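Listed next as structure tokens: two forms of one protein chain, kept apart as structure 1 and structure 2.
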Structure 1
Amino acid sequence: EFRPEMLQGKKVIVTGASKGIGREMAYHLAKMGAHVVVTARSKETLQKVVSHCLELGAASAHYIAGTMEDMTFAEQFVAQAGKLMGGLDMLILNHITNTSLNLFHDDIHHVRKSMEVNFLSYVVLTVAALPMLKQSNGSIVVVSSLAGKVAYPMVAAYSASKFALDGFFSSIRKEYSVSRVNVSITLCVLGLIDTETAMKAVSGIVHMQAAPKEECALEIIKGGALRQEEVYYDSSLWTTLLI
């Protein structure tokens, strides 16, 4: 049974946190009394999230801006975050490269960049974070998609990258299990969440009610805190994916 005090004084990194689900997550952590280090590319907007986080009562809150295309930024970012907080209890990998509904023809560039940002950078961040997570018996949260479990048209490169996440992280979870590494891995399968990005994307299709990003963010946090292997949001997916 989750309680907010579980996050109190915890040292959390949230990526892709200038907007959408990431920013809701940071705000939730702040309200709970965690320390937070947020990142995205956009300085001014990260500062907005930081000051609001402080207002909500974050134990502490800092941003570091950069792109997750740059693997050197990824490594460095982690080193520098753990330093600001003096440690690391939870790594929330949430960011994603810009993607719209397109049929696949010849855009290998988009395919490689999707894999780099949505997947490769998650591996680099994990490798960098692992020493701190080991010492704190901490937690990794990887944010994926129903289209990382079931394939959909018009998002081939995206699905490839989200599938890759399932492939990699579930595998290292079995490895951490056999190697007695006390670091949890939570994979989040999300449906349609009402972020501006996702709603812009789906204006042209028939879909069910998008789920609120505030609640989505909360259920992610809860799942990671409780060290659940997989989180389904909205909850009615849980029945889909297992039937």
Structure 2
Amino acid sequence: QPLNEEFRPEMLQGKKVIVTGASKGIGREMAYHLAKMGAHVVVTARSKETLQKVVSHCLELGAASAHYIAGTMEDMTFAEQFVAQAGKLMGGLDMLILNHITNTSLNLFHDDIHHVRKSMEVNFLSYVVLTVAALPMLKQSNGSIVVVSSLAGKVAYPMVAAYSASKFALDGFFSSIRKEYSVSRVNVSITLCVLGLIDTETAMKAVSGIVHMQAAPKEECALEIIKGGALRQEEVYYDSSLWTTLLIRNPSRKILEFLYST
């Protein structure tokens, strides 16, 4: 059940938040927003040096505390240890923002089973491992899981087959456990974010020169993700066009799920 409330930045004051993939792009922007809101933040990515810079800026911005732990989410042991360590750094966990992805570019699928497996491991499986590791703390705090996804996680696009598979998988998994938490009375919210083109360096390099579309600002995108998580909304849609978000909705699916539950 989502909060029938207007979002206020104070909702994140003193909250203990993990942000993954936070060295750049949307993840970094989320860290910065949370810092401005006075959250405790633990950020992760592979890039130790840029993560320290992100942390330093978070402290400048007014984070209650800020730490980084560097590692690759290809490593499921790292994922497990990271959450345990992050929990100790903050003295608990209120929000788990899962945002990282493995390197993805626009290319036709040509026998690249390696990339399919890697995308599944980093983009999907690690999210599951992180969640399992975080759940005890999240149950303690009646916390929130925020899963960052994509238009390519709701509809099919050429050139992102492996990526799409992993993002669709996130939808299937996390939407299913959401239904389980509802019936099990587990007070942990799950927010799935569906993003259009966002003006991160990664996206801008990737779509040049294949796609020529309006890119939404990464700062606003980051805020909207946090907002949705804070308000415990089931899904967050963010795109430069309001008419895109109208097309992402799937009431037919909602009806089928409603009919099953009752």
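Numbers given to residues start at 1 and step along the sequence of structure 1. What we label the rigid core is the largest C-alpha set whose atoms superpose within 1.5 Å from one form to the other.
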query	finding
Entry of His52, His207, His62, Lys43 that shows, once the rigid core is matched between structure 1 and structure 2, a C-alpha shift of 2 Å or more	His207
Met6 C-alpha relocation of at least 2 Å between structure 1 and structure 2, rigid core basis	no
Rigid core superposition, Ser235 Cα moves 2 angstroms or more between structure 1 and structure 2	yes
After superposing on the core, C-alpha shift for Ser161 between structure 1 and structure 2 in angstrom	0.3
